[PDB]
Amino acid sequence: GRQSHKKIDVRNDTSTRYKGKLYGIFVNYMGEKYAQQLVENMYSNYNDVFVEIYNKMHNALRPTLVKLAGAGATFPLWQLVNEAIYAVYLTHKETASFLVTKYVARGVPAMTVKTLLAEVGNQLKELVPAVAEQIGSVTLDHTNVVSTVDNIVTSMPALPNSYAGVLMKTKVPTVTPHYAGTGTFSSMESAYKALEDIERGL
Amino acid sequence: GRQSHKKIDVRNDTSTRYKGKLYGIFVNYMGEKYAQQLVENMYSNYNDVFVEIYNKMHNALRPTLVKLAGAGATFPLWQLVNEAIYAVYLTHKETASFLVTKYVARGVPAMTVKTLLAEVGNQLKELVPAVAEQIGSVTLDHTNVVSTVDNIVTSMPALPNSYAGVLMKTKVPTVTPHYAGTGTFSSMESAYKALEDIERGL
Amino acid sequence: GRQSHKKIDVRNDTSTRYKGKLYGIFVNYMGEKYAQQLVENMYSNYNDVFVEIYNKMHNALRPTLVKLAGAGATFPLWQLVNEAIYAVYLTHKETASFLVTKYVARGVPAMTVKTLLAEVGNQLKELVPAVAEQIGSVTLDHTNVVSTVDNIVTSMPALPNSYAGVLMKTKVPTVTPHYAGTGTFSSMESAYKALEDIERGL
Amino acid sequence: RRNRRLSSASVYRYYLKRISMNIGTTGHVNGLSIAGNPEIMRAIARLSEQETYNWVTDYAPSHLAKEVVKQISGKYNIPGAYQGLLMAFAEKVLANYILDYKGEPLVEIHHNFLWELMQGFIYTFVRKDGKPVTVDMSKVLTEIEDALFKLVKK
Amino acid sequence: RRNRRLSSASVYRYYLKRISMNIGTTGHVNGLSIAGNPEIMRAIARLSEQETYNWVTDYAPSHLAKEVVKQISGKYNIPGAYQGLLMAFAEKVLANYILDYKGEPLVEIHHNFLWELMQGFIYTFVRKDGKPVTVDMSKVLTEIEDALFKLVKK
Amino acid sequence: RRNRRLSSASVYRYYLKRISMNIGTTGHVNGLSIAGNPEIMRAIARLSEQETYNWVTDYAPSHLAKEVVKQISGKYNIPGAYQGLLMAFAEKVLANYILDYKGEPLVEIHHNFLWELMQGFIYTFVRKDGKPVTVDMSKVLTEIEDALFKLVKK
Amino acid sequence: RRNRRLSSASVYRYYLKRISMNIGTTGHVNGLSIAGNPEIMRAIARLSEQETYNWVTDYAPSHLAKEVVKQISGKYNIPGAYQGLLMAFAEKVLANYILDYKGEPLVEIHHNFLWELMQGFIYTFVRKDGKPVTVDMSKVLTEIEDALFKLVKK
DNA sequence: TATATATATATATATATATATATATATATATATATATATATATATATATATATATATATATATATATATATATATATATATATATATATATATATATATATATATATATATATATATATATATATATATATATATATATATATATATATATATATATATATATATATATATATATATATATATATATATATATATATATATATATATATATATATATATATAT
DNA sequence: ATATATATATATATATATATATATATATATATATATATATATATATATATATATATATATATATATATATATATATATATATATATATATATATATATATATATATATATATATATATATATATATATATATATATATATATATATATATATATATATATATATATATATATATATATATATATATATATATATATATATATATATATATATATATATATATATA
C-alpha cells in the first residue's frame with residue numbers, strides 16, 4: 001500500500017500534454033494539418049478562459065483556504081469557488097442565499113463562505129472588467145458581501161452562459177502585463193519561456 | 001447530474017472543425033484532392049453567407065436581447081430574428097403582421113417584436129445594400145417599423161430565395177474593411193489571424 | 001553466481017537516460033516535436049524537485065548513516081529520511097512521535113531516529129526557506145528536536161501535498177550559486193558541464 | 001444537431017461514432033496499423049457496444065421527464081419552445097434534487113428557474129381556435145414538480 | 001478524470017490504452033514497423049490482457065471498502081464529498097495496516113486523518129427534510145474501522 | 001524498479017524489451033531496413049523467446065529461496081525490508097556455496113553478512129498486538145541456512 | 001565476454017551478428033541502398049545461416065573435450081578456473097595432434113603445458129568438507145590424454 | 001620545450017567591497033532623434049493593374065524562302081579516339097576463390113572469474129508521468145444524444161419541366177473492332193489420338209536380395 | 001487401450017537402392033499421317049455481341065439547374081438540459097506500469113578485461129596455383145557511341161536575316177483613372193525602437209583600484225638537459 005503521492009496542478013507542461021494527446025486522437029479524424037490547427041485553437045481557447053480565470057483564482061485563494069480549513073478536505077471549498085465564479089458572477093444565476101444555504105447544508109460555517117465570496121469577488125473584479133463595473137467600488141467583507149452581491153444578482157436576470165464562456169473577454173481588450181500603467185509586473189513567467197527556447201537552440 | 005455547462009458559439013475554430021470533419025467524411029466519396037477542394041468551397045460559401053449575415057446580427061443583438069428579456073429562455077427572440085432576416089428581408093415573403101401575430105401567439109409582447117424588427121432592419125441595411133435601398137433612408141422605430149416594412153413587402157412580390165441564398169452578395173461588391181472611407185475599422189480581428197501563423201512558423 | 005556488483009546513483013547521465021527513454025516511448029503518442037517538449041518539461045520538473053531536495057539530502061546524510069549504522073542495511077534509514085522529508089516537513093501530516101514509534105517498531109534505536117530528524121531539519125532549513133521560517137532559528141538535537149517539531153506539526157494542520165510537490169520552490173525565487181552573499185561557491189559542478197560541450201565541439 | 005425523436009437509428013449513430021473515437025484513441029499515432037488488425041477491432045467493437053449500452057441505461061429517467069412535460073404542455077397548449085425548456089427544467093430538478101440531492105431545497109431551484117423565465121410569469125397564448133389563454137409559469141412549474149414526485153413514487 | 005461508477009467499460013478502456021502504451025514501449029523508435037507485424041501484435045495484446053487482469057484482481061478489496069463506506073454514509077446522510085473522503089480513508093487504513101501492517105498503530109492513523117478533517121469534528125448536515133443533523137468525525141471513523149475488520153473477518 | 005510480485009506480466013515485459021534490444025543490436029545503424037524485413041523479424045522474435053525462456057529456467061531456485069525466507073519472516077514477524085535482505089542473503093548462500101561452491105566456508109559468509117547487519121544483532125520488533133519481540137540475527141541466519149540445505153536435500 | 005553455457009541462444013546471437021557484418025560487407029559504402037533491397041537481403045540471410053551452420057558443425061569436438069574435462073575435474077574436485085584451463089588444453093591437444101598432427105610428439109606438448117602450469121605441479125585443494133587434497137598436474141594431464149584417446153577411440 | 005624556485009608583467013580567473021567608465025535591464029516621465037503603425041488629404045516615385053492607341057525592343061509564336069551557325073538523323077567510306085564485346089598469350093593490379101601455416105585485427109563462440117556498462121527481473125519508500133482506475137464536484141472542450149426552431153450545406157426523396165452529361169433500350173443503315181459461328185484451303189502454334197522404334201523420367205507392376213523408414217502383427221520391464 | 005522405448009523375429013506396405021525385365025502412362029524426340037482444338041491468315045458470307053457514329057424517339061440514371069415542398073443526415077448556431085467520452089484542475093486514496101533514486105541480491109544481455117583455447121570472418125603476409133574481373137599492353141572484327149572529316153540529302157533546333165502578320169511580355173511614351181506598395185510632407189494621435197537625459201535601483205559587463213589568493217600564459221632570470 002501507499003504506492004505514491006500524486007500531485008495535480010498546472011505544471012508548465014499541461015499545455016503540451018493536452019495538445020499532443022488530443023492531436024494524437026484527432027489525426028484519425030482530420031489528417032495532419034487540420035488536426036494541428038484544431039488542437040492549436042482548442043488549447044488557446046482553453047487557456048485564455050480556464051487558466052486566466054480559474055487558475056489565477058485558485059493560486060490566489062489557496063493560502064487562505066489553508067489558513068481557514070487547513071486540510072486535504074478543502075475540496076468543498078474548491079466547489080464553492082468554482083460555483084461562485086460561474087453560477088453567481090458572470091451569470092447572475094443564483095444569489096448568495098443559495099450558496100450559503102447549500103454549503104452550510106454541506107457542513108461549512110457560514111462566515112467562512114462569506115469571507116471566501118468576498119475575496120473571490122475582490123480579485124475577479126481585478127481580472128474581469130465587467131464584473132468590477134457591476135459591483136462598483138465596494139470592498140467586500142463577510143459583513144457586507146451578501147447584501148451587495150444579492151442586490152447585484154437580483155438587479156440582473158439570468159444571464160446566458162455564453163457570457164461566462166468566451167465572449168466576456170473576447171469583446172473587450174485589456175492591458176497587457178507588457179505595458180505601462182498597471183500592466184508592468186508579470187512577464188517574469190513568460191520571460192522564462194523565452195529563455196527556454198534559446199537554450200534548446202530554438 | 002449537472003455534468004457540465006456547455007457553451008455554443010463561433011469560437012475561431014468552427015472553420016477548422018467543419019472543414020476537417022466534412023473532409024474526412026467526403027474523402028470516401030471523392031478521393032483526397034477533390035474532397036479538399038469541395039470542403040474549401042463549402043466552407044467559403046457558408047462563411048460569406050451565414051457568418052457575414054447571421055453571426056454579425058447575433059453579435060449585435062445579443063446585448064439588446066439580454067436587456068429586454070434577459071434569460072436563458074431567449075430562444076423565441078432568436079428564431080424571431082432568424083425569420084426576420086429570412087422571411088421578410090431578402091424575400092418579402094411575409095409582412096410584419098405575420099411575425100407579430102405568430103410571436104404574440106407564442107406569448108411575446110408585441111412592442112418588443114417591433115423594437116427587434118426595427119433594429120434588425122437598421123443593421124441589415126448597413127450590411128446589405130439592396131435592403132438599404134428598398135427601405136431607403138428611414139430609421140426604424142416601434143412606432144413606424146410595421147408601416148414601412150409592410151409598405152415594402154406588399155410593394156414587392158414573393159422573391160425567390162435564390163436572392164437570400166448566395167447571389168445577393170455575389171453580384172454586388174462592397175467596400176472592404178481594408179479600404180478607405182467606411183472600410184477602415186475592423187481588420188483588427190483578421191489581424192490576429194496573421195500573427196497566429198507567424199507564431200506557428202507559418 | 002556473483003555476477004556483478006551494481007551501483008545505483010545519479011551518474012551525470014540519468015538526465016539523458018530519462019529523457020531519451022521517455023522520448024522513445026512518447027513519440028508513438030505525440031510525434032517528434034511534441035514528445036520532445038514533453039520530455040524536456042518532465043525532466044526539468046523532476047530535476048528541480050527531486051534532485052534539488054532528495055539527492056542533496058542523501059549526499060549530505062550518507063556519511064552519517066555509515067557512521068551510525070554502517071551497512072548495506074541502511075535501507076530503513078533511507079526510508080526514514082524519505083518519510084521525514086515528505087510526511088513531516090513540507091506537509092505537517094505526522095508528528096515525530098509517529099516516526100519514532102514506527103521505526104523503533106521496525107527495530108531502529110530511537111535516539112538514532114531523533115539524530116537523523118535533527119540533521120535533516122538542519123539541512124532542509126537551508127534548502128527550503130519556508131521550513132526554515134516555520135522552525136525559526138533553533139538548532140535541532142536528539143534532546144530537543146522532537147519537542148520543537150511536534151510543536152510545529154501541532155501548530156499547523158495537514159497541508160495539501162501540492163505544497164510539497166512543486167509550488168514551494170515555484171512561488172519564491174532563491175539566491176543562485178551564481179551570486180554574491182551565500183551563492184558564490186558551487187559553479188565548479190556547472191563549470192564541468194560547460195567544459196564538456198566545448199571539448200565536444202559544442 | 002436538429003431535433004430528432006429518440007429512436008434506434010440514434011442508438012446506432014452513437015454506436016458507430018464511438019467506434020470512430022475509440023479507434024482514434026487506441027492507436028494514438030499508428031491508427032492505420034491498429035485499423036488493420038481484426039483482434040483489436042473486435043475489442044473496440046465490444047467497447048463501443050458497452051459504452052452505448054451504458055449511455056442508454058442512464059437515459060430512461062430523462063425520457064420519462066420529457067414525456068410528462070410533453071403531456072402537460074399538450075394539456076395547456078404551450079408552444080414547442082417552452083415545452084423543451086420545461087423538459088430541461090424537469091431533468092435538472094430530478095438530477096440535482098431527486099436523485100443525488102445536491103444541497104439545495106426545491107423552492108430555491110423553483111425561484112431560480114423562475115428568474116430564468118422572467119422578462120412576467122403569466123404568459124398569454126393564442127390557441128388554434130383564436131381563443132387567447134393565459135398560464136402562470138410558477139404554478140405549472142410547481143405543478144410538474146408534484147407530477148414528477150408522482151412518477152418516481154417519492 | 002470525472003467520476004464514473006466502475007463497470008466493464010473501464011476494463012476495456014484500460015485494456016486498449018495499455019495496448020497503446022505497450023506498442024509505444026516495444027518499438028522505442030521503430031513504432032511503425034513493430035505496429036505492422038502481427039506476431040508482436042498478438043504478443044502486445046496478450047500482455048495488455050494479463051496486465052488488466054492483474055489490475056482487476058488486486059482492486060476488489062478497494063471496491064468492497066468503498067461499498068461499505070457508501071452504505072455507512074447513506075445511513076448517516078453525509079454529502080458526497082465526505083463520502084469520497086471516507087472511502088479514501090478506509091482505503092488507506094486497510095492498505096497500510098490491515099494487509100501489510102507498516103509499523104503504525106491504528107489509532108495513530110485515526111488521529112492523523114482526524115487532523116486531516118479538522119478546520120471541528122462534529123459537522124452539521126441538513127437532510128432533504130430540512131432537519132439539521134450532526135455527526136462526529138472521530139466516532140464514525142472508529143465506526144467504519146470496526147466494520148472494516150468485520151468484512152475481512154480480522 | 002518498484003517491487004512487483006513475479007507473474008506472467010513480467011515474462012511478457014522481458015520478452016518485448018529484449019525484442020527492442022535485439023532489433024537495436026542487429027541493424028547497428030540500419031535499424032529501419034531491418035525493421036522492415038519480416039524474416040529477420042521472425043528471427044529476432046524467436047531469439048527473444050529463447051532468451052526469456054533461458055532467464056526463466058535459471059531463476060526458480062532464487063524464487064524458492066525468497067519463498068522460504070518469506071515463510072520464516074512471517075513466522076518471526078519481521079518487517080519487509082529485512083525480509084528482502086534475508087532473501088538476498090539466501091540467494092547468495094545458495095549461489096556461491098551450494099551450486100558452484102566458490103572456495104569459501106559457510107560460517108565465513110555468515111559472519112560477513114552478520115557484519116553487514118550490525119549497527120547490534122538482537123533486534124526488537126513491535127508486533128501488531130503491541131507485544132515487543134526480539135530476534136537474534138545470527139540465529140535466524142543460521143536457521144535459514146539449514147532450512148536451505150533441507151530444500152536442496154544437501 | 002562473460003561465461004555463458006552453450007545453447008541455441010548463442011546460435012541465434014552469432015546468426016544475427018553475422019547478418020550485421022554481412023550487410024556491412026556487401027554495400028561497402030552504399031549500405032543503405034543494399035539494406036533497402038529485399039533480394040540481397042535474402043541472400044545475406046541465407047549466407048549468414050550457412051556460416052552459422054559451418055561454425056556449429058565445426059565445434060562439437062571442442063564441446064566434447066570440454067565435457068570430458070569437466071567430468072574429470074568433478075571427479076578430482078578442481079575449481080572452475082583450472083577446469084577451463086584443462087578444457088583449453090584438451091582442445092589444443094586434439095586440434096594440433098589428434099586431428100591435423102602438426103609435427104610434434106605428445107609428451108612435448110605435455111611438458112610445454114606443464115611449464116605453462118608451474119609457479120609446482122601438485123596443487124592442494126580444500127574440498128567443501130574441509131578435507132584438503134592434492135593432485136599432480138602432470139598425472140591428470142596424462143590422465144585426460146588417454147581419456148581423450150578413448151573418446152575418438154584413437 | 002621541459003624540470004625545481006624566485007622574480008616582474010600582464011592575461012585572465014575567483015575571493016570580499018569599492019570606485020570609475022560603460023553595456024544593457026526594469027522602475028515612473030520627459031525630451032530629442034529616428035523605425036514603423038494608423039487615422040483623414042495632399043506630394044512626387046515606382047508598381048503593378050487597367051481601360052483606350054501609339055511607339056521602340058525584344059521574347060516568343062507563325063506563314064513563305066534564304067542564309068549562316070549549330071543539334072541530331074540517315075545514306076556510302078575513310079580516318080583518329082576511346083569503350084567494351086570477343087579470338088589468340090603475355091604482363092601488372094587487385095577482386096575474390098582455394099591449397100598448406102604463420103601473422104595481426106576483429107567478429108563472435110565457449111571455458112573458469114573478475115570488473116563496469118546498463119538491460120530487464122524480484123524484495124520495501126520518495127520523485128514526474130501517464131496508465132489509468134475510482135470515489136467524491138467543479139471546470140473547459142468535445143464527442144454524441146435529446147428536447148423546441150432557426151440557419152447554411154449537401155445527402156437523398158418526390159412533385160412538375162427543362163437542360164446538360166452519361167448508362168442502357170429500341171427503331172431503320174452505315175461504319176470499325178471484335179467475340180464467335182460457318183462455308184471453301186492454306187498456314188502457324190498446339191491439344192490429344194494413332195501407326196511404326198527410340199529415348200529420358202517417373203507411375204506403378206514383377207522376378208530374386210539388400211537397405212532405411214515406418215505401417216501393423218508375435219515374447220517381459222518403465223513412461 | 002494407444003502410443004512411446006530396451007533386445008530377438010515375422011508379414012505389409014511406405015519409400016529408397018542394387019540388376020534384369022515387363023506394361024502404363026508422364027512427358028520428350030524421330031518420320032509419316034490422322035482427328036480434335038487454340039490461334040493466325042487468305043477471300044466471301046452470316047450470326048451474336050463490344051464499341052463508334054449517322055437522325056428520330058424512348059426509359060433509366062448520373063449529375064446540373066430552374067421553383068416549391070418534404071424527410072434525412074452533415075455540419076453550424078440559437079437556449080435549456082442530459083448522457084457518454086477527450087482532456088484539465090481540485091482533494092483524498094488505491095493498483096499498474098515507465099523512467100529516476102535510496103540498499104541487498106539474482107539472471108541477461110551490451111561491453112571491457114584478466115589467461116587459455118576454439119570457431120567464424122575482416123584484413124595482412126608467407127610460396128604455389130586457380131578463375132574473375134579491373135586495368136594495361138602485344139596482333140584482328142562487332143555495335144557503340146565519342147568525335148572528327150571527306151560529299152549528298154534530310155528533319156530539328158540555335159540563332160541571324162530577308163517581308164508581311166499575329167500574340168506575349170520587356171520596357172518607353174501619350175491621356176485619363178484606379179488599386180497596391182516606395183519614400184516625402186501636411187496636423188492629431190498611437191506603439192516600438194534608437195538613442196539622449198531627468199532621479200532611483202538593479203543586473204550583466206569593460207576596465208580601474210583597494211588587500212589576499214589561485215591557475216595561465218607573456219616574458220625575465222637564477223642552476224640543470
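Residues numbered from 1 in each chain as written, not as in the entry; some residues may be left out. Chains lettered and ligands numbered in written order. Part of a larger assembly, values for the part shown. Heavy atoms only, no water. Residues with missing side-chain atoms left out of burial classes, pairs and counts.

- cryo-EM is the method the PDB entry states for this structure, with the resolution given as 4 Å.

1. What to know about the overall build of chain D
Part 1 of the argument: Assigned secondary structure in chain D consists of seven helices and two strands.
Part 2 of the argument: Order of helices (α) and strands (β) in chain D, N terminus to C terminus: α-α-α-α-α-α-β-β-α.
Part 3 of the argument: Taking 2.2 N^0.38 as the reference for a compact globule, 154 residues should give roughly 15 Å; the C-alpha atoms of chain D span a radius of gyration of 21 Å, well beyond that estimate.
Part 4 of the argument: If you line up chain D on its principal axes, its C-alpha atoms span 65 × 40 × 30 Å. (Helix = DSSP H or I, 4+ residues; strand = E, 2+ residues; numbered from the N terminus. Rg over C-alpha atoms; globule rule 2.2 N^0.38 Å.)

2. Topic: the overall build of chain A
Part 1 of the argument: Across its full length, chain A carries nine helices and zero strands.
Part 2 of the argument: Listing each helix as α and each strand as β along chain A from the N terminus yields α-α-α-α-α-α-α-α-α.
Part 3 of the argument: The principal-axis extents of the C-alpha atoms in chain A amount to approximately 55 × 50 × 35 Å.

3. Points about the packing of helix 6 (residues 106-117) of chain F against helix 7 (residues 137-152) of chain F
Residue and element names in this part refer to chain F.
Part 1 of the argument: Packing of helix 6 against helix 7 brings their axes to within 10 Å, and their N-to-C directions diverge by 140 degrees. Relative to helix 7, helix 6 is oriented oblique. For the element pair helix 6 and helix 7, the recorded crossing hand is right-handed. In contact with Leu106, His110, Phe113 and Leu114 of helix 6, helix 7 contributes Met137, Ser138, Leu141, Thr142, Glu145 and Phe149.
Part 2 of the argument: Among the residues making up the contact of helix 6 with helix 7, the classes are represented as six nonpolar, three polar and one charged. (Axes fitted to C-alpha atoms, helices over the stretch in contact; angles between N-to-C directions. Parallel < 35°, antiparallel > 145°, perpendicular 65-115°, else oblique. Left-handed = near helix turned anticlockwise from the far one by under 90°. Contact = heavy atoms within 4.5 Å. Nonpolar A, V, L, I, M, F, W, Y, C, P; charged D, E, K, R; others polar.)

4. Some details on the nonpolar core
Part 1 of the argument: By size, the foremost hydrophobic cluster in this structure holds 38 residues, and its most contacted members are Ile40(D), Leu16(E), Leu16(F), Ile40(F) and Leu16(G).
Part 2 of the argument: Those residues in contact with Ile40(F) that sit more than four places away from it in its chain are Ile34(F), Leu16(G), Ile19(G) and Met41(G).
Part 3 of the argument: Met57(C), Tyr103(C), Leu124(C) and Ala164(C) belong to the second-largest nonpolar core, a separate cluster that totals 37 residues. (Core = buried A, V, L, I, M, F, W, Y, C linked by side-chain atoms within 4.5 Å. Buried < 20%, exposed > 50% of the residue type's maximum accessible area, 1.4 Å probe, protein only.)

5. Brief notes about the protein's contact with DNA strand I
Part 1 of the argument: For DNA strand I, the set of nearby residues contains 125 residues, the closest of which are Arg62(A), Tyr179(A), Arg62(B), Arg62(C) and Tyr179(C).
Part 2 of the argument: Within 4 Å of the protein, the contacting atoms of DNA strand I are drawn from sugar and phosphate to the extent of 89%.
Part 3 of the argument: In this structure, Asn96(D) approaches DNA strand I through a side-chain N or O atom, which is 3.2 Å from a phosphate oxygen.
Part 4 of the argument: Here a sugar or linking oxygen of DNA strand I and a side-chain polar atom of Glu91(G) are 2.9 Å apart.
Part 5 of the argument: Per-element tally for the surface near DNA strand I: the top contributor is helix 1 (residues 14-30) of chain A, with six residues.
Part 6 of the argument: Taken together, the residues of the surface near DNA strand I break down into 46 nonpolar, 29 polar and 50 charged. (Near = heavy atom within 4 Å. Polar contact = N/O pair within 3.5 Å; in protein donor to acceptor, adjacent residues only side chain to side chain.)

6. Quick notes on the protein's contact with DNA strand H
Part 1 of the argument: Around DNA strand H sit 133 residues in total, of which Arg17(A), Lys21(A), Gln79(C), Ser10(F) and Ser10(G) are the nearest.
Part 2 of the argument: In DNA strand H, atoms within 4 Å of the protein come from the sugar-phosphate backbone in 83% of cases.
Part 3 of the argument: Contact between DNA strand H and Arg11(A): a phosphate oxygen at 3.1 Å from a side-chain N or O atom of the residue.
Part 4 of the argument: Within the backbone of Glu83(C), an N or O atom sits 3.4 Å from a phosphate oxygen of DNA strand H.
Part 5 of the argument: Here the surface near DNA strand H is composed, by residue class, of 46 nonpolar, 36 polar and 51 charged.

7. What about the pattern of salt bridges?
Part 1 of the argument: Here the structure, examined in full by the defined rule, presents 33 salt bridges over all chains.
Part 2 of the argument: For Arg17(C), the salt bridge identified is with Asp13(C), shortest N-O distance 3.7 Å.
Part 3 of the argument: Residue classification places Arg17(C) among the partly exposed residues on the basis of a relative accessible area of 39%.
Part 4 of the argument: Between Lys75(F) and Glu143(F) there is a salt bridge; the shortest N-O distance is 3.8 Å.
Part 5 of the argument: Taken together, the shared-partner salt bridges in this structure form one network comprising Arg11(A), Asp13(A) and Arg17(A). (Salt bridge = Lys/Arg side-chain N within 4 Å of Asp/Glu carboxyl O.)

8. Describing the interface of chain C and chain F
Part 1 of the argument: Taken together, the contact pairs 15 residues of chain C with 17 residues of chain F.
Part 2 of the argument: Of all elements in the fold, only helix 2 (32-69), helix 3 (75-88) and helix 4 (96-105) of chain C reach the threshold of two or more residues within the side of chain C that touches chain F.

9. Remarks on the packing of aromatic side chains
Part 1 of the argument: The full count for this structure, using the stated rule, is 50 aromatic pairs over all chains.
Part 2 of the argument: Aromatic side chains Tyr18(A) and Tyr43(A) sit 6.3 Å apart centroid to centroid with 50 degrees between the ring planes, which places their arrangement in the tilted category. Of this pair, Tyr18(A) sits in helix 1 while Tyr43(A) sits in helix 2 (residues 32-69); the two residues are 25 residues apart in sequence, bridging distant segments of the chain.
Part 3 of the argument: A centroid spacing of 6.4 Å and a plane angle of 40 degrees characterise the contact between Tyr43(B) and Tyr46(B), whose relative ring orientation is tilted. (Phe/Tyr/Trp six-rings, centres within 6.5 Å; stacked < 30°, edge-to-face > 60°.)

10. Description of the pairing of strand 2 (residues 132-136) of chain F
Part 1 of the argument: When strand 1 (residues 122-126) of chain F meets strand 2 of chain F, the two strands line up antiparallel, connected through five bridges. Bridging from a neighbouring strand, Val126(F) pairs with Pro132(F) of strand 2 of chain F. (Pairing = 2+ DSSP bridges.)

11. Structural notes on the relation of the copies chain A and chain B
Part 1 of the argument: Each copy of the sequence occupies a distinct position, and chain A is placed on chain B by a rotation of 38 degrees and an axial shift of 5.5 Å, giving an RMSD of 0.2 Å.
Part 2 of the argument: Here only 6% of the interface residues in chain A have copies in chain B that are interface residues too; the copies meet through unlike faces. (Least-squares fit on C-alpha atoms.)

12. As for the arrangement of the chains
Part 1 of the argument: Contacts between protein chains span 11 pairs of chains, and they are most numerous for chains A and B.
Part 2 of the argument: When C-alpha atoms are compared, chain A and chain G, though not in contact, are closest at a spacing of 27 Å.
Part 3 of the argument: These two, chain B and chain G, are apart from each other, with no contact and a minimum C-alpha gap of 29 Å.

13. With respect to the interface of chain A and chain B
Part 1 of the argument: Between chain A and chain B, the residue contacts involve 17 residues of the former and 23 residues of the latter.
Part 2 of the argument: Counting only elements with at least two residues in the side of chain A that touches chain B, the list comes to helix 1, helix 2 and helix 8 (162-171) of chain A.
Part 3 of the argument: At six residues, helix 2 of chain A tops the list of elements feeding residues into the side of chain A that touches chain B.
Part 4 of the argument: Broken down by class, the residue content of the side of chain A that touches chain B amounts to 11 nonpolar, five polar and one charged.

14. Focus on helix 7 (residues 137-151) of chain D
Residue and element names in this part refer to chain D.
Part 1 of the argument: In a regular helix each residue adds 1.5 Å, so 15 residues correspond to 21 Å; helix 7 covers 21 Å between its end C-alpha atoms and thus fits that length.
Part 2 of the argument: Where helix 7 is concerned, the buried positions are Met137, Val140, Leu141, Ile144, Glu145 and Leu148. All buried residues of helix 7 lie within an arc of 155 degrees about the axis, which places them on one face of the element. Of the exposed residues in helix 7, those oriented more than 90 degrees away from the buried face are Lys139, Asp146 and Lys150.
Part 3 of the argument: Check the buried side of helix 7 and you find it contacts helix 4 (60-76), helix 5 (80-99), helix 6 (106-117), strand 1 (122-126) and strand 2 (132-136). (Expected span 1.5 Å × (residues − 1). Arc of directions from axis to C-beta.)

15. A few points about the side chain of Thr26(D)
Part 1 of the argument: Mapped onto the elements, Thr26(D) comes out in helix 1 (residues 8-26).
Part 2 of the argument: Using a relative accessible area of 3% as the deciding quantity, one classes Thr26(D) as buried.

16. Looking at the environment of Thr139(A)
All names here are of chain A.
Part 1 of the argument: Structurally, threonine 139 can be placed in the loop between helix 6 (129-135) and helix 7 (145-155).
Part 2 of the argument: Classification of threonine 139 by relative accessible area gives exposed; the value is 61%.
Part 3 of the argument: Expressed as a C-alpha distance, the spacing of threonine 139 and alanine 118, which sit 21 residues apart in the sequence, is 8.0 Å.
Part 4 of the argument: Non-local contacts of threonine 139, meaning those with residues more than four positions away in its chain, are made with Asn122 and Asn144.

17. A closer look at unusual backbone geometry
What is expected of a backbone is that most residues other than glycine have negative phi and most peptide bonds are trans.
Residue and element names in this part refer to chain C.
Part 1 of the argument: Backbone geometry at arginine 2 places phi at a positive 50 degrees, although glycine is not the residue there.
Part 2 of the argument: Looking at the element boundaries, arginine 2 is found in the segment before helix 1 (14-30).
Part 3 of the argument: A positive phi angle, close to 70 degrees, is found at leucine 90, a residue other than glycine.
Part 4 of the argument: Here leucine 90 is to be found in the loop between helix 3 and helix 4.
Part 5 of the argument: Overall, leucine 90 belongs to the buried group, its relative accessible area being 11%.

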